[PDB]
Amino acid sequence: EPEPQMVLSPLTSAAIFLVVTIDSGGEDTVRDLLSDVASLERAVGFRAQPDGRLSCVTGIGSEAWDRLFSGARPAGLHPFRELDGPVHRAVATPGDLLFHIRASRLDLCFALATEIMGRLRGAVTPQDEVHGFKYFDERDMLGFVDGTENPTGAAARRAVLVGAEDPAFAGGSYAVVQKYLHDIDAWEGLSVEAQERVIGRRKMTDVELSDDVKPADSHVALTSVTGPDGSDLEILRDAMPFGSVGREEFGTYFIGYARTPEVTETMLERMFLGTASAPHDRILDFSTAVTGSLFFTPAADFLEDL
């Protein structure tokens, strides 16, 4: 088989997201680093096992792929598609490489990011760097549990990993990232019952609203999608709180993994453009997107044979 990267990681309380662009003539340095990234992960992580749980998932953008490699391309790889809805806009921002670094402690993430960027100095320019921390009861910046309905085990593998539909790229995945800033003053102006009608789940107990109370423009109603054959279309999320108390910056760094970008893109279209039944996802009246990029995360053996 092909061996996947660590897309299906165990639960982690800390994360670093790094997005860079490749400077002109930086290609060779980048290909050198990509062949060594799993070795750097083992070197930083092994001495802190079994509790460290350090991993790095490496992603490549559509334009970067054409600069790095000749030949066949993953079937779904394109630049993030901007959405200009009647009220809300999903922006596309630059990004050639993604490092999704996760662990039980921020210091491990930071040590592996230091070795990665040390190897890339002179070849890349930083676009975004976020240090994520999860709240102790899995809560996000809106005060709701975040992760509950992710798929697990076999269902997760089927949802996230490329298989026989794109055989040359089997064991790969597609990652969409969006950094959101929240308007917390507006959000805290709602009662708890009004907040629940935005999300579609109870705040304190995390039980889903009944089919008879759940609004058509609630976040959970719009991100719930069935395919033609009536199967659930699922993604795997590992969204993380971040920000700065001084600048009054309260955010959610969103990442979703899927076997095809079509599933993630159908969810984003319903959220930003709406449906017959809903103008837009009510979560967006308290959340502004400031970045948007799409990456292909290849099989581990693809990176190792560079």
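Numbers for residues come from their place in the sequence shown, where the first is 1.
Identify the stretch, either 207-215 or 124-132, whose C-alpha atoms have the larger mean B-factor according to the entry.
According to the PDB entry, the answer is 207-215.
I need to verify one thing: averaged over C-alpha atoms only, is the B-factor higher for 279-287 or for 7-15?
According to the PDB entry, the answer is 7-15.
Just grab whichever of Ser231, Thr114, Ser173, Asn150 has the top CA B-factor as deposited.
That would be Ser231.
Name the one of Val245, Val57, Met240, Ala48 with the greatest CA B-factor according to the PDB entry.
Answer for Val245, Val57, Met240, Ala48: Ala48, with the highest C-alpha B-factor.
Mind checking which third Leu34 falls in for C-alpha B-factor across the chain?
Middle third.
Taking the C-alpha B-factors as the PDB entry records them, is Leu40 in the lowest, middle or highest third of its chain?
As the PDB entry reports it, the C-alpha B-factor of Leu40 lands in the middle third of its chain.
Chain third (lowest, middle, highest) by recorded CA B-factor, residue given as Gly200
It belongs to the lowest third of the chain when residues are ordered by C-alpha B-factor.
Tell me, lowest, middle or highest third: where does the Cα B factor of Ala168 rank within its chain?
Ranked within chain, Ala168 CA B lands in the highest tercile.
Rank-wise, by C-alpha B-factor, drop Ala155 into the lowest, middle or highest third of its chain.
Its C-alpha B-factor belongs to the highest third of this chain's values.
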